[PDB]
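Shown here is one chain on its own, the form deposited in one PDB entry, set out as structure tokens.
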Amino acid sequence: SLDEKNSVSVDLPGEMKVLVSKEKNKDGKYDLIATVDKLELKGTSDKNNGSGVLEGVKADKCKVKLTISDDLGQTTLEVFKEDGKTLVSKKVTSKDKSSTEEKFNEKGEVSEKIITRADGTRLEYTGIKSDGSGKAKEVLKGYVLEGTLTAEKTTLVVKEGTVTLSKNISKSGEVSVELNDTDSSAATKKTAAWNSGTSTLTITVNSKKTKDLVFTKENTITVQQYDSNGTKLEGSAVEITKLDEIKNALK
């Protein structure tokens, strides 16, 4: 934000706007600014759009560093302590709506994290320890799955009676589902098999298929029953909109 005529204003993917420069600057490469959270902070870049960082200071003895990506679509709005090494915020938004905001502890170690997917679905971790473990939950449209986290993966659990469903997401985005029932009678014990190819879990009881639980790309879950003998799917897959519908499929 330098001038109306000079210092062009470009639309920044992250609900922000950085104003470049017209011709150029005094000693070096282009310059630019942008007002962030009622406390505009200026900085100087190299190119003519927003491909550069924006330094600054806080309203309460701290710092701020808007490290705008080189492609104009990945605001990395940092907010260091006051020295410029210890952090207290790090909400990295993106063009397609992606967004991963973090909060740290009294030593720059990440404490909390909240990943928001393009489609709005969220994945929030809290109480993150040094090892990488912590409380976790996923916000889907209509309900919320709770679970835990480890440097290895995230595990959302849904319990219904003696059956316990587990949705794992590798710290790489890979989804896989498991199902266990402590019941020992073949007549009633529920068991399942995950098909990574079709991304679906097929529940079986006493050798018979009962239902297909599909974990879609759009972060949703659908349920379809088989015919009475378990020889083929029947009807139409139905979208799960409530936590209870899930606990229902597990009965």
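Sequential numbering from 1, following the sequence displayed. In this text, the rigid core denotes the largest set of C-alpha atoms whose superposition between the two forms falls within 1.5 Å.
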Legend entry - Segment of higher mean CA temperature factor, 237 to 245 or 12 to 20: 12 to 20
Legend entry - Selected stretch [higher average CA B-factor]: 219 to 227 or 33 to 41: 33 to 41
Legend entry - Residue with maximal Cα B-factor (values as given in the PDB entry) among 113, 159, 167, 95: 95
Inset, instruction - Sort 187, 193, 54, 214 by C-alpha B-factor from the entry and give me just the highest. - result: 54
Inset, instruction - Just say lowest, middle or highest third for the CA B-factor of residue 78 relative to the other modelled residues in its chain. - result: highest
Inset, instruction - Please place residue 154 in the lowest, middle or highest third of its chain by C-alpha B factor as given in the entry. - result: middle
Legend entry - Relative C-alpha B-factor of residue 86, binned into the chain's lowest, middle or highest third: highest
Legend entry - residue 127 - Cα temperature factor, lowest/middle/highest third of chain: middle
Inset, instruction - Just say lowest, middle or highest third for the CA B-factor of residue 72 relative to the other modelled residues in its chain. - result: highest
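The following text describes the form deposited in another entry, which does not appear among the structures shown.
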Inset, instruction - Taking the rigid core as the superposition reference, indicate whether the CA of residue 30 shifts 2 angstroms or more between the shown form and the other one. - result: yes
